[PDB]
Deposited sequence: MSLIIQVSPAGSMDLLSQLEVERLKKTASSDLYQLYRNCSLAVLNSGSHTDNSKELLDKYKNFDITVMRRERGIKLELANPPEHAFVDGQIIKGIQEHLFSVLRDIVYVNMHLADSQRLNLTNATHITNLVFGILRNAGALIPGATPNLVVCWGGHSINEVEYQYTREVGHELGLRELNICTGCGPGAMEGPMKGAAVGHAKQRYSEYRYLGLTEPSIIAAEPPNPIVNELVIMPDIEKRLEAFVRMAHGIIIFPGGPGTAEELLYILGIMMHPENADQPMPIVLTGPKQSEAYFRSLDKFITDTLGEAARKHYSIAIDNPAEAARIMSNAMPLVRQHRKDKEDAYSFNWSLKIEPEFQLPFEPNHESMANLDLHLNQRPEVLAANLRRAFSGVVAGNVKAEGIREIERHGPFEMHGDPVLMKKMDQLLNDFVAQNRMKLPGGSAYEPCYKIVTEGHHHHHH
């Protein structure tokens, strides 16, 4: 077979740290690490049937004289420019290894936040000396040219303002802002730029990191990745997207409506091009019809104005600075943010647990947000997660019930995603993994 060697950015490892990543009987670790490493070599589509395409891929970790070398059997050939692996992709492979190893060397509420902290610290993601300048960007993996161009323009304007970018991984509004920021930073001579990509193992093949990401972090699960986003964020920019972006929006809004979070200054701007006005009218209406009028104080909307969204982020930075100091908190990690256990407790989407969601309009707005967060994660899981497609493939779409006022508003929004092509990367038509009862 074809064998490539990869040389190292990264620490020495012990035999203890590394023996767990041998192909072995009655452990799942190697295949987790292999799949994550495979995904990184594949920056095509959004299904996890790419594991069927590269079934003869394998990876070996070697402890040698200058640290770790990796040997790749049959890697995807589009990792390669002129027979050599793009240096960014090389670095992602070591980020994979670093984070898988950390987490497995380190197997309630304080415990979870502390683990999220530890992972991020081990990754080098929390820079002690840094002034607040980190903007989390959220938006669709499946987006048209006009929306993509708009994300690039916003990225550009953040770049000019010496701001850094944290996103998820994948195509669309996950790579657009970094590409624009590449230009904006170079205009502004900002050499210390950071493009942070946060992923987890069940999502990573579906949405592989761009090699422009210069700090990849693999979180253990979706909820810990979401906690990482909101604890590192200094501002939040939200683009148009499908159910993944909705999940992320409802996560932060459930958090922000807590009374303890009322002096948390973190700006959220929903932003899009002129043609996303109808998307944003519909989305704003959904939020206020479900979570109440109270939610609207936590965000603002900017249509057709990249510089404004980025100006808002930029202007808010001294606010974030002052507030961290008032709380005796760190700049780089928001300890003082109150996240309730209903946002922290891992949700494994199957038919049973999708049914058992209390999606009724007589809850606390926070707990309802926590529930719809879970709802939208199940939609994601049924679409893109290899385990989650299997449960649809044997037992049909996930069954979902509640207040019919909410249920019909949810179904309209979900169908909007289908109609605007937000569910899937386009190339046959989408069939729901969901069923609203």
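Peer 1: Which bits of the deposited sequence have no atoms placed for their C-alpha?
Peer 2: In the chain as deposited, 1, 10-11, 47-49, 114-122, 443, 454-462 carry no coordinates.
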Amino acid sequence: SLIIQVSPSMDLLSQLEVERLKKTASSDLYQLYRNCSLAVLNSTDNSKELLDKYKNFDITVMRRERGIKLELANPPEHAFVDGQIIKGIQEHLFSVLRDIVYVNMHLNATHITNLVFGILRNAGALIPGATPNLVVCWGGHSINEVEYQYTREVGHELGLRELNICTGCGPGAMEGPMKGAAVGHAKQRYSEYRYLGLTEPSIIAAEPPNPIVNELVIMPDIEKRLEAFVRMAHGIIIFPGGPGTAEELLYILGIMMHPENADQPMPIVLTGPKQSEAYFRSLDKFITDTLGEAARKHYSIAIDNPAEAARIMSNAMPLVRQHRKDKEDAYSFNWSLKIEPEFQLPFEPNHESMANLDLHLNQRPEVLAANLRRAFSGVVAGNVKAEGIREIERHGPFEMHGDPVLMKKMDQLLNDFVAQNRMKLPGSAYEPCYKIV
From here on, numbers count along this sequence of modelled residues.
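Peer 1: Name the higher of the two by mean Cα B-factor in the PDB entry, 84-92 versus 344-352.
Peer 2: 344-352 has the higher mean C-alpha B-factor.
Peer 1: Quick check on the record: does 170-178 or 292-300 carry the larger mean Cα temperature factor?
Peer 2: Per the PDB entry, the higher value belongs to 292-300.
Peer 1: Taking the C-alpha B-factors as the PDB entry records them, is residue 405 in the lowest, middle or highest third of its chain?
Peer 2: As the PDB entry reports it, the C-alpha B-factor of residue 405 lands in the highest third of its chain.
Peer 1: Which third, lowest, middle or highest, does the C-alpha temperature factor of residue 378 belong to within its own chain?
Peer 2: Its C-alpha B-factor belongs to the middle third of this chain's values.
Peer 1: Going by what the PDB entry lists, where does residue 389 fall on CA B-factor within its chain: lowest, middle or highest third?
Peer 2: Its C-alpha B-factor belongs to the highest third of this chain's values.
Peer 1: Looking at the C-alpha B-factor of residue 41, is it in the lowest, middle or highest third of its chain?
Peer 2: Lowest third - that is where residue 41 ends up once the chain's C-alpha B-factors are sorted.
Peer 1: Within this chain's modelled residues, let me know which third the CA B factor of residue 64 belongs to: lowest, middle or highest.
Peer 2: Middle third, going by the recorded CA B-factors of the chain.
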